[PDB]
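Below, read A as the first sequence line, B as the second, and so on, with proteins coming before strands; counting in each chain starts at 1.
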Amino acid sequence: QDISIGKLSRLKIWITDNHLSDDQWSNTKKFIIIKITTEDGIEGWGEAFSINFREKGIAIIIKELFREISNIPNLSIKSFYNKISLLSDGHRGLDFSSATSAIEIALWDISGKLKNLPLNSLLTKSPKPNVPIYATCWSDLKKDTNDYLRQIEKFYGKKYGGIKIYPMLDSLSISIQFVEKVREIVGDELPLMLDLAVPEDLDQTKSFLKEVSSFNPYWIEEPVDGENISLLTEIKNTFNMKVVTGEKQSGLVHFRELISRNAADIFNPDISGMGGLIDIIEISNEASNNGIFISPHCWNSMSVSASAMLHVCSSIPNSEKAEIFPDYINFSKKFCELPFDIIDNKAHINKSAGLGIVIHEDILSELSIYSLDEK
Amino acid sequence: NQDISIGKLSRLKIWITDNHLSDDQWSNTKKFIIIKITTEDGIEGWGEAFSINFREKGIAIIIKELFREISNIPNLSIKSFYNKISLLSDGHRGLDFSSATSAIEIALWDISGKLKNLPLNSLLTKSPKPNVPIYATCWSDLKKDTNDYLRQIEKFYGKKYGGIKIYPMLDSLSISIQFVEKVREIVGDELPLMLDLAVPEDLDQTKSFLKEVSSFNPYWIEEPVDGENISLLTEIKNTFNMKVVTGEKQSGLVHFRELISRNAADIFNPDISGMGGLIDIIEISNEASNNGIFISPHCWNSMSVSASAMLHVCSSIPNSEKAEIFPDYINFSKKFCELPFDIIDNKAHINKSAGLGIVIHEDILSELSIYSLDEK
Ligand SMILES: [Mg+2]
Ligand SMILES: [Mg+2]
Ligand SMILES: [Mg+2]
């Protein structure tokens, strides 16, 4: 992190268009992927957590930050981090944190290349070679319950380390019947994660959690808004179930308040959304000292973001299962020779330098709706 | 009144002002982000986003994208706008986005005021206060000694504002205290003197300062700790017998509801152009009121569109505290805006024009701008 990178010379940004999967399950979100090249010709890849209607705004922020840091002759990951601290002056938000994550991730990739080390080897002496994963089952398109059940059975056959579903439906009985039907497929052994996605009615959430405990969910994600610290503590303390929060927030101070208030058991900040890897690792360590696990959120491409997450999870003692969107794999494969492979419940990651990213830029450009290249 | 039908939107203009020297060369003005939306029926509304260094163009691009999405909604209103924002954001917030939606919502309020031929405060409550108590913030980004601040504080004193806010955390505890002491000597014992600690890195310095400063009777203590560290805010509020202010760097209803739940502050100061919009500022003002908490909107923005929205909001709530002005931004803002209020001693007097009462000379605003966007 104190590795001298030198001066930055070039920035390219792609924003991919939405793409319908071959099986028609879902459309990909627009991804924001960046490549930074140093004066010495070293390339690093980054990815920003993309947010609907804000992708171009995030990309513009990245370009403005790049301009500001690009003539710093002794840039390092740490000095970038410190410059951002100064510039930001305590004004925080997800869009800004996504922009800084993309740049910082690229600097980590470059630093790996400079040391001839995979990112996980930069982070710890003895990283884990295989990373437990789980699969998220979600679509942007309207589905009926049987549509989901069919997709879930497909996931079950792949032998992922777990499956995450979104069970908050039109009514309590329908929601719990969905959970029961999923259990009919996966059995009682498989980690089954439940993403409640911040239900608007707290009483509906309380009834659901009262009714679902018999199905032994592996975790309960976002039962209330992440800034509702008091209700997270209450929920966590009322039900015996592991509470996950963090995907929609960023910055150390928020997560330190979650720790102080015993508000969650697992944090899931987005790998490309927290602000960068320095803060992901720092909160991972603090969490580990307080019995909290880290399961980075990764609603991003299965290329750059996914590699960053796998490296981080392989480097920390308190990782939980890492998030995969199987329906995003084939699209990511179009332009990226992926630096990992999935065998049953684990991803085996690159031992090559940095993030191990090999992207066919011509294809990435073909798939993009917006771009930037800037010396 | 949030149901007032606005219709389809036809045009967006955005200006981002360059930095300029403020009045009497006291500071550089920050870059401002001011927007004008024109509806299909030809009604013009003005908004302003809370601008953030290196993010100004990013914020403008977000406003532009939001505008495109909402411009074809035939039966658009403040309410349907608010609901649409809630749907598309899906709990992803942050200051930049909240600044973008503030600017658009504020413009829709201006439009709504114009459609009813009523000033905004009259849309907000039946019987608004015509006058709004204010206080002046003394802050500069230019290099000065304590002496330069003192002469500026004499100037402000002369102006008979409702209060003066200073930033007293200097090189050391005793230099910080000396500064507060000298200020109190200039302004006398009666004047509200507010202290903005600006989130000191070292909690021990903060505690030592607050222990020594209490004898100077500060009116309030602003941001003694990070606004997201609710645990520490409560600890500070519980330790000292001084009013605690927080909120300027946060947005969204949920965080402020948590602060209320936790009795974590005495006054909230979300920025008028940063909270997300007026609906949310008013909603939190009402909840705060029920809990004995006052609202003093933060306004580090132009003294044109943002200041007018702030004054209209403050005039319409029963639990307003003194409203923030940057005196050095007043004549700068006067370059392009015939301001819709007059500061008379300790109170800003709102005019009776429809909506926010904005009269802006766009060619002057353009001349002062580093960036601009014009969208159909
Ligand atoms: Mg989730
Ligand atoms: Mg604990
Ligand atoms: Mg302040």
Side-chain angles (χ1 to χ4, degrees), chain A residues 1-8 10-13 31-38 42-50 58-70 72 74-88 91-115 117-120 122-123 246 249-252 255 269-285 294 296-298 300-301 303-313 315-316 353-357, chain B residues 54-55 58 94:
Chain A
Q1 73 269 6
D2 283 307
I3 298 166
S4 170
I5 278 170
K7 213 170 269 177
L8 304 186
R10 293 182 68 179
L11 172 63
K12 180 89 185 273
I13 302 177
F31 302 129
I32 298 158
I33 294 173
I34 82 175
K35 180 199 198 205
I36 284 174
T37 303
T38 68
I42 316 306
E43 310 180 334
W45 289 89
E47 179 167 356
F49 174 71
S50 177
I58 290 158
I60 290 310
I61 287 167
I62 294 175
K63 177 173 172 193
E64 284 301 308
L65 295 178
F66 176 79
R67 281 169 172 190
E68 179 65 16
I69 74 179
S70 66
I72 306 167
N74 63 326
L75 191 74
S76 62
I77 293 157
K78 192 56 196 199
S79 71
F80 168 75
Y81 185 96
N82 291 335
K83 182 67 173 285
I84 294 298
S85 193
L86 296 192
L87 295 184
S88 68
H91 295 108
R92 298 190 283 259
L94 287 194
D95 308 80
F96 185 70
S97 291
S98 300
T100 61
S101 298
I103 295 170
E104 202 193 286
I105 290 164
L107 298 181
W108 281 99
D109 192 24
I110 289 162
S111 297
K113 292 181 178 188
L114 288 171
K115 291 304 99 162
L117 288 178
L119 176 55
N120 60 356
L122 300 181
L123 293 172
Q249 284 79 44
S250 69
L252 289 176
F255 287 88
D270 190 276
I271 188 62
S272 286
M274 176 74 183
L277 306 187
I278 283 175
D279 278 354
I280 285 167
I281 294 295
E282 177 60 34
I283 199 67
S284 295
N285 185 58
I294 303 299
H297 176 266
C298 195
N300 294 298
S301 83
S303 69
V304 180
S305 287
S307 189
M309 172 187 63
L310 297 171
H311 284 277
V312 164
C313 288
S315 302
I316 58 164
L355 293 173
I357 296 299
Chain B
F54 297 98
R55 297 133 85 159

Restricting to side chain to side chain donor-acceptor pair (under 3.5 Å), what partner residues turn up for [X], sequence neighbours left out?
| X | value |
| --- | --- |
| B/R55 | B/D96 |
| A/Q1 | none |
| A/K35 | A/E43, A/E361 |
| A/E68 | A/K83 |

Answer yes or no: is there a donor N or O on one side and an acceptor on the other, between the side chain of [X] and the main chain of [Y], under 3.5 Å?
| X | Y | result |
| --- | --- | --- |
| A/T100 | A/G275 | yes |
| A/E104 | A/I278 | yes |
| A/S101 | A/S97 | yes |

Quick one: do the A/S79 and A/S76 side chains pair a donor with an acceptor below 3.5 Å?
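A/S79 vs A/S76: donor-acceptor pair found between side chains.
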Side chain to side chain contact (heavy atoms under 4.5 Å, CB included) against A/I281, all qualifying residues, sequence neighbours excluded
A/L123, A/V312, A/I316
With sequence neighbours left out, what residues match A/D109 under side chain to side chain contact (heavy atoms under 4.5 Å, CB included)?
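Here the qualifying residues are A/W45, A/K113, A/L355.
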Residue that, paired with A/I271, satisfies side chain to side chain contact (heavy atoms under 4.5 Å, CB included) out of A/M309, A/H311, A/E47
A/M309
For [X] and [Y], which heavy atoms make the closest approach, and how far apart are they?
| X | Y | result |
| --- | --- | --- |
| A/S50 | A/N300 | N-OD1, 4.3 Å |
| A/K63 | A/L11 | CA-CD2, 3.8 Å |
| A/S284 | A/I294 | OG-CG1, 3.4 Å |
| A/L87 | B/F54 | CD2-CE1, 3.3 Å |
| A/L114 | A/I5 | CD1-CA, 4.0 Å |
| A/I357 | A/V304 | CD1-CA, 3.9 Å |

Using the rule given for side chain to side chain contact (heavy atoms under 4.5 Å, CB included), can you reason through A/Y81 versus A/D279, listing the C-alpha separation, both sets of side-chain angles and the distance that settles it, and then say yes or no?
CA-CA 9 Å; A/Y81 185 96; A/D279 278 354; 2.5 Å; yes
Do A/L107 and A/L277 come within less than 4.5 Å of each other through their side chains, counting heavy atoms only?
no
Can A/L65 and A/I84 be said to form a side chain to side chain contact (heavy atoms under 4.5 Å, CB included), step by step?
CA-CA 9 Å; A/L65 295 178; A/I84 294 298; 4.0 Å; yes
Between A/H297 and A/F49, does a side chain to side chain contact (heavy atoms under 4.5 Å, CB included) hold up when you go through it step by step?
CA-CA 10 Å; A/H297 176 266; A/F49 174 71; 4.0 Å; yes
